[PDB]
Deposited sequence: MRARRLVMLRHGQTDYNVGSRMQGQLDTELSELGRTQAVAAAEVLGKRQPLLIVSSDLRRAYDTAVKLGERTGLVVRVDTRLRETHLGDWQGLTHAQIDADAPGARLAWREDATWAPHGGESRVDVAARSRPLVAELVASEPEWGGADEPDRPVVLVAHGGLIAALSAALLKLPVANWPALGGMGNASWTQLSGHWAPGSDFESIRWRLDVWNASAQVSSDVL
């Protein structure tokens, strides 16, 4: 059984939608990266891959420091692009297109104009999980079986990728509530293609 842990980065200064804007962790967010590093470092991560956005990457570096591991980076793990909503607050978006923000969360195929849907986000990240399965023999290996791959990413991607791996029907993707700052989720891949791997949800949105 292969364990996959996903960590949502800590708090940024930004209420205000980011998507793929490369915003910075706040002071609090850095403090949260250190705390999460401690928590997850005890699970003895096998390997760390991070979105290249700084709020994720700076979080992942703190986990790398704690575990003495070298952080890997992949652009397919970026936050959902939020099109015309990037840079706008909820109050602005809600005044501009009333009720759309709330309806959006209930439909995984729907995107803000110019943005990606949750389905898009699962489509571009999932091959990364498949690639790690192929290339990391130790992962779920006989020697150290429960050492998890840790992905340092963003809330939207965690939910999209998790529902995709669990093979939830798209209409049920909203069953997964939003990840909090510096919170983590764990999936387990049980047995021989990648597709035949049965993923189960071990932990959703645990505070780190």
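Residues 1-2, 17-19, 197-199, 217-223 of the deposited sequence have no C-alpha coordinates in the model.
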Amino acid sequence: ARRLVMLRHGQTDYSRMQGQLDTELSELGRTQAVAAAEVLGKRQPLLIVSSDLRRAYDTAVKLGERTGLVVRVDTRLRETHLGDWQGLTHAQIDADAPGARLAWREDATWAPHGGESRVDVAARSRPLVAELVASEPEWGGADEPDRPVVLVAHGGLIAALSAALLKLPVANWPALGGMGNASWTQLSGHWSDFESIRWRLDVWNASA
From here on, numbers count along this sequence of modelled residues.
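For the pair 180-188 and 193-201, the mean Cα B-factor is higher in 193-201. As the entry records it, the average C-alpha temperature factor is higher for 23-31, out of 23-31 and 170-178.
Between the residues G156, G141, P148, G64, it is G141 that shows the highest Cα B-factor in the PDB record. For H113, the recorded CA B-factor ranks within the highest third of the chain. Only modelled residues enter the ranking. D84: CA B factor in the highest third of modelled residues in this chain (values from the PDB entry). When the CA B factors of the chain's modelled residues are split into thirds, the value for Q44 lands in the highest one. Looking at the C-alpha B-factors along this chain, the one for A100 belongs to the highest third. Sort the modelled residues of the chain by CA B factor and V119 lands in the lowest third.
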